[PDB]
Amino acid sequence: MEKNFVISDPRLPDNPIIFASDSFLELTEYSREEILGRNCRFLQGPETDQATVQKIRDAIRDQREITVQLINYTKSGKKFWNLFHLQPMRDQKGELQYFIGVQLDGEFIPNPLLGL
């Protein structure tokens, strides 16, 4: 199965990407070397809804799963709608270890309804 995903380590400064799937490289047009150690916010740009970014920030703070649809940008500046799902990953002792973030590319929710 095709799997667009990244794993971050929230126990390192500003939650850097420590793994990015081949399909994530293909979707975003970035190389692995350009992604590893970055916060995944680099995909955001002018058209990204800051209210949606806020919902992600709160979900990371509270270590809760969330799904949002937001505008992201490829390396070459191509806009794409990202249906983005965040999942906290805890160790055997219930301590946060990682976040996994899975991307689906497409305007799943029409922008007229998303804007409501």
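Numbers for residues come from their place in the sequence shown, where the first is 1.
K.L.:
92-100 versus 5-13: which one carries the higher mean Cα B factor per the record?
P.N.:
The recorded data point to 92-100.
K.L.:
Rank-wise, by C-alpha B-factor, drop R61 into the lowest, middle or highest third of its chain.
P.N.:
Within its chain, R61 is a lowest-third residue by C-alpha B-factor, going by the deposited values.
K.L.:
By the recorded C-alpha temperature factor, relative to the other modelled residues in its chain, which third is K79 in?
P.N.:
Top third by C-alpha B-factor.
K.L.:
Using only modelled residues of the chain, where does the Cα B factor of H85 rank: lowest third, middle third or highest third?
P.N.:
CA B-factor rank for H85: middle third.
K.L.:
By the recorded C-alpha temperature factor, relative to the other modelled residues in its chain, which third is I35 in?
P.N.:
According to the entry, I35 has a C-alpha B-factor in the chain's highest third.
K.L.:
Considering only modelled residues of the same chain, in which third does the CA B-factor of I71 rank: lowest, middle or highest?
P.N.:
Tercile = lowest for this residue's CA B-factor.
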